[PDB]
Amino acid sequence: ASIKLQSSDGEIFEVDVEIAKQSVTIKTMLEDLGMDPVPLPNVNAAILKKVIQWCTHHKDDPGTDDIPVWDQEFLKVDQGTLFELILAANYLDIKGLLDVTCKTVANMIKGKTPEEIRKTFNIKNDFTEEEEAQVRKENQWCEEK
């Protein structure tokens, strides 16, 4: 019924087995490597709570390509957290969480200009003047009406 997971910062979580095994990484550490508790070096407690909350909600599940309301709400978090989830889901190998967190980012890009994308994700314009001119040219085809 329950196994133990260990956050990167040493906090231990009793978690339902079948829930935990939605992470294939965890399923492998438990069964193939015999670990208890499962040390998760790259996932901290705050993010692991959210990941378990997610996995708990989705424990019984057949998914689409449109983001269910519940998940939208779960992902009403700050960018940093959102990217932490992406990384966590990728390391833990939870396909459903990875998809939904990546679609969310993709929606944040959809339709934006280069400057709007920079402001959104705080990315610096690191092009040289010549490099910049060169990318513009390479991508004028997109305004072909």
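Residues carry their position along the shown sequence, with the first being 1.
In this entry, 112-120 shows the higher mean Cα temperature factor of the pair 25-33 and 112-120. Higher mean CA temperature factor between 86-94 and 51-59: 51-59, per the PDB entry. When the modelled residues of the chain are ordered by C-alpha B-factor, residue 6 sits in the lowest third. In this PDB entry, residue 19 carries a Cα temperature factor that places it within the highest third of its chain's modelled residues. The PDB entry assigns residue 41 a C-alpha temperature factor belonging to the highest third of its chain's modelled residues. Among the modelled residues of its chain, residue 131 has a C-alpha B-factor that falls in the middle third, as given in the PDB entry. Sort the chain's modelled residues by C-alpha temperature factor and residue 77 lands in the middle third, per the entry.
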